[PDB]
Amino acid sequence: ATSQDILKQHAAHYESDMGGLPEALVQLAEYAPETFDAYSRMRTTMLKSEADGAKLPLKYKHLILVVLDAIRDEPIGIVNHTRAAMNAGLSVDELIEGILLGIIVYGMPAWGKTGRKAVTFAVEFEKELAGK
C-alpha cells in the first residue's frame, strides 16, 4: 500500500461516516500514513453499519462517541459525531438523554465544558435536516 493508495482506500469510509476527513486525521495521513491506514481499518470495522452486518445501530455508535468526546473535551469531534449520529437517525431528545449520563460518571463538567456544545449544534442541525 502506497500512501496514495492508503488515502484513496479510506476515502469512502470517512465521507460516508463523517462527511469528510477530520483535521486531526488529515494530519495523521500527512505525517503517519501507515498509522493512518491501520487506524482507519480499525475505525471502519468499529463503525460498520447495520446494513454491513453490525448489531449496534450506527446512530448509537456515534452517540457513544459523542459522550466520550464530551468526557475527553473534544469540541470538534463532538460536533462531528453528533452530525453523524443525527444523519444516522438519532433525535435531539436521544442525544440529550445520552449526554446527561456522563454526569453520573464524570460530574457536571461532562455537560458543562464540552457535552452541551453537542446540544447547541444539534438544535440547529435538526432545523437543517427538517428543511431536507
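When you see a residue number, it is the position in the sequence shown, counting from 1.
Stretches 62 to 70 and 86 to 94 differ in mean C-alpha B factor, with the higher average recorded for 86 to 94. On average the C-alpha atoms of 119 to 127 have higher B-factors than those of the other stretch, with 119 to 127 and 19 to 27 being the two compared. Among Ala38, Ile104, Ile76, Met46, the highest C-alpha B-factor recorded in the PDB entry belongs to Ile76.
Looking at the C-alpha B-factors along this chain, the one for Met42 belongs to the lowest third. In the PDB entry, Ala54 places in the highest third of its chain by CA B-factor.
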